[PDB]
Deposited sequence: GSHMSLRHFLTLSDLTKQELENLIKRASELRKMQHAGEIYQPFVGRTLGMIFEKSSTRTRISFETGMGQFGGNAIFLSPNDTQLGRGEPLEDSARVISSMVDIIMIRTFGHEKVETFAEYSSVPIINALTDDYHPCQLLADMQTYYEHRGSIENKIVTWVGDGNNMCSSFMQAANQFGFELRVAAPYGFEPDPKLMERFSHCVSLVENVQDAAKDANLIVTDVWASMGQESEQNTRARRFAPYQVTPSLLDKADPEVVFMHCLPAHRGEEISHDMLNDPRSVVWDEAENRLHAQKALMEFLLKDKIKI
C-alpha cells in the first residue's frame, strides 16, 4: 500500500504524466483564487540535513495552500546519524505527521528513513538527483508546449547539477536527450551507459541543438575559456526547433547569475521553472496522500 517518492521511477510513466497535468490544473486553480484544502488537519514534516530555502518555501507554501501545516526541522534539530538515530527519527516523526520531505546526501539514508516511516517520504533533492526540480521542469515544458514524449532535449554543460535528473527523465517521460558537454567535463561513462538507450554524448553544441524542443543548461555567464562555446545564447536557440523552449538550472551559489538576454528571451521559461516547484510538489503530495482525500 504505502508509496514513497525516493526516485523518479517510483511513479509509472502514466502517473508522471497525470501528475504534471494535475500540477498545471492546480496552478490555474490557485491563480484563479479557488480554495482547495484536502489536507485540513494534516502535517508535512520537512527534514533538512542540508539547507534548501527554495525547497523549504515551496513545500511550506504548498501544504499551507492545501489547508495543512509544515514543520521545519533544520539540520541540527533532529538526529540523522546513520543507524538507530536515523530509524528512530523516522518511526516517531511519522507517528505524528502525515507526509515527510527529506533533503539529505546519503542515497542509502533516504531509503532507510523510508523503510521505518509509517508515512510517505518525498526525496526533494539529494547531492546527485533533483527529483522535485525535475518534476517542476517537466510541468513547465508541458504548460508551454504540451507532451515531451518523442521530443528532443539538449543538455548543455557538465554532468553536475540536474544532468543526471534529465538523463533519468529521458526514459521515464519518453524523450531523447543529447548531452553537449565540454571536453574533460563529460558525465560519468557508467551513467551514460545506464541511460545509453535514450541519451547520447555530443561535443558540438551547434549539432546537439539541431531540432531541439528544450535546451537546458547549468553553464553560468562570464575553465571559463573551456565553457565559453557552451554558453547558451539567442544564437544557439536559433539552431533549434522554432518551438524550442529554454531552461536554466536556478542559482545555487553566489556569483551564479543568468544573463538578462536569456531570462527576457521569449523562448525562456526560467521563471515558471522556479514557480512550478510550488505546483509540482502540491501535485506530488496530493498523489502520495490521495487515499486521505475526500
Deposited-sequence ranges lacking C-alpha coordinates, in sequence order: 1-4, 227-235, 308
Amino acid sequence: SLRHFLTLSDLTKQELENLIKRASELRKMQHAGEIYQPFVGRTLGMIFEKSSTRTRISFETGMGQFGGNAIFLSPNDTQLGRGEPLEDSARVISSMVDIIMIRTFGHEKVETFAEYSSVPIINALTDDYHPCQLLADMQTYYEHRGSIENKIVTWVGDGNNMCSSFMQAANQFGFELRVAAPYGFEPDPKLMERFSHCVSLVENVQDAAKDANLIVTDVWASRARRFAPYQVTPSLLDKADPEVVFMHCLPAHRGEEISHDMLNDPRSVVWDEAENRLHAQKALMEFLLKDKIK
From here on, numbers count along this sequence of modelled residues.
Residue range whose averaged C-alpha B-factor is higher in the record, 141-149 or 183-191: 183-191
Mean temperature factor over C-alpha atoms, higher-scoring stretch between 52-60 and 237-245: 237-245
Top residue by Cα temperature factor, when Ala224, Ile121, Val97, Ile215 are compared in the entry: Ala224
Candidate set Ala136, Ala169, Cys198, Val156 [ranked by C-alpha B-factor, highest]: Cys198
Lowest, middle or highest third - CA B-factor, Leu2: highest
Record-listed C-alpha B factor of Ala228: chain third: highest
Cα B factor band for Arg254 (lowest, middle or highest third within the chain): middle
Ranked against its chain, the third holding the CA B-factor of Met46: lowest
Among modelled residues of the same chain, the CA temperature factor third for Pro38: lowest
